[PDB]
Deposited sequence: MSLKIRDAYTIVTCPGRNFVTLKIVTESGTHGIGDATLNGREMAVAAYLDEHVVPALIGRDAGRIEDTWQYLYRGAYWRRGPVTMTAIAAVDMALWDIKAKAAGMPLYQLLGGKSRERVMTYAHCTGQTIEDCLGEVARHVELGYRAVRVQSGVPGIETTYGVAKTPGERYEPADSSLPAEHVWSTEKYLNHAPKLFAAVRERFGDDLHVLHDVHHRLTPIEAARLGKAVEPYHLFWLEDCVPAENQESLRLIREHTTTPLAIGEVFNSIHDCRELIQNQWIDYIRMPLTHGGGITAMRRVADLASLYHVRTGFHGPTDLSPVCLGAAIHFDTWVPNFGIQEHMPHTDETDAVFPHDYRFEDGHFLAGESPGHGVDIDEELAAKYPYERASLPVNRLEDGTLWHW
């Protein structure tokens, strides 16, 4: 069937989401997430002005050709704006394909590899003690895995944060020791370094946290230069995760083939969608690398639903990040995935199981919001 219409919806039910909807001549439709936190309107414009017009009249079934057509045909390849636009088309087309097949997406991908999908929750606190409090209540909700963060003692437009690597490196290991002491060894414990360290500093932290056996240490260092990971890998056996800021298999091909990481984090909506992420997950699996999808509030329920289908099929699934959306957001994007006892159960409706309530979306207009920046104590613009 041919594409009859395509358009974007921008809405802000708690925060900004951009969605692409594709409608075939028969009236069937699918949607894809296009949300890029803090640069939302770049993608919306990419879609509205440059992609949407070229979609009209194309065969909706040609997912692969459409992917190559937009990826190669853009001429300027890769990039967060570019690949998020491409991902949103791709997700919308897989939705349509699964619908046309009368199957939930995970079936169309090759069927289930697991009965449920393990997640992790964010647990954040100013003091180590405050964080311990959040772990407890998330454990009470059934989470088997938690990502822990505390403050560091002595420390619409972008907020500006101040950062000290040295104080942080001295403090962080104390948090994990406290986590193990209170909660024991069976809990999976994750930590997000969030781009702030140099490699040798990350090597040092990894070694210092070996006794607490983290499920992963994430985003140790900025990794545009993929060799940045080598010194870390050579000095510690703490498992490493990276990639939420990546958008292309070429951002991580060497990290994977050289075995510098244990989990790849690039998610569906930023990583060129289902079509591309299958390739990424498959390359990862030759080297024992597992999936750990970025799943913050700034990817919509459209992505999450699709992510849960993918998580359900993919052989080398690792863990799915879960930052729960607001009630308002869950209402804009009705969905049939379920959360029970710390795990996701994939939906059984044909498609990725997510839709968008356009009328409700129109009640919440766009509100500009930017991500923070980080500066060192001397005012040096650092990595947030």
Coordinate gaps, deposited numbering: 1-2, 158-176
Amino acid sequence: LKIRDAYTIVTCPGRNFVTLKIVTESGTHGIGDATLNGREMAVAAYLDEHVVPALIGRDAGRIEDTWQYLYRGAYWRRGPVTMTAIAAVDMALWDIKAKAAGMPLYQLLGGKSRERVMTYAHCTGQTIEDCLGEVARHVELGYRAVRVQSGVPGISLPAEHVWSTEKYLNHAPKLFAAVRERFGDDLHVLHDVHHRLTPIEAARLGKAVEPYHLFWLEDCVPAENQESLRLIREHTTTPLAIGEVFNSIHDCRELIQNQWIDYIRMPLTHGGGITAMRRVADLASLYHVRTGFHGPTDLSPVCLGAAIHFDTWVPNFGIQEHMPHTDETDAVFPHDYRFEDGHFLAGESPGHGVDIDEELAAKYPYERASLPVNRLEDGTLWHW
From here on, numbers count along this sequence of modelled residues.
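Between two forms, the rigid core is defined as the largest C-alpha subset superposing within 1.5 Å.
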Core-superposed comparison in 7 other deposited structures of this protein: bigger Cα RMS shift among 83-91 and 69-77 is in 69-77
Is it true that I155 has no coordinates in a third or more of the other entries in the comparison? yes
The stretch whose C-alpha atoms carry the larger average B-factor in the entry, 254-262 or 136-144, is 136-144
Output the stretch having the higher mean C-alpha B factor in the entry; the candidates are 187-195 and 146-154. 146-154
Which one of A223, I232, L214, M277 shows the top CA temperature factor in the record? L214
Taking the Cα B-factors listed in the entry, which of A60, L70, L36, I319 comes out highest? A60
B-factor third for the C-alpha atom of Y75 within its chain: highest
Hey, what third does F333 fall into on Cα B-factor, ranked over its chain? highest
Can you tell me whether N374 has a C-alpha B-factor in the lowest, middle or highest third compared with the other modelled residues of the same chain? middle
Can you tell me which third, lowest, middle or highest, the CA B-factor of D282 falls into for its chain? lowest
Ranked by Cα temperature factor within the chain, is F246 in the lowest third, the middle third or the highest third? lowest
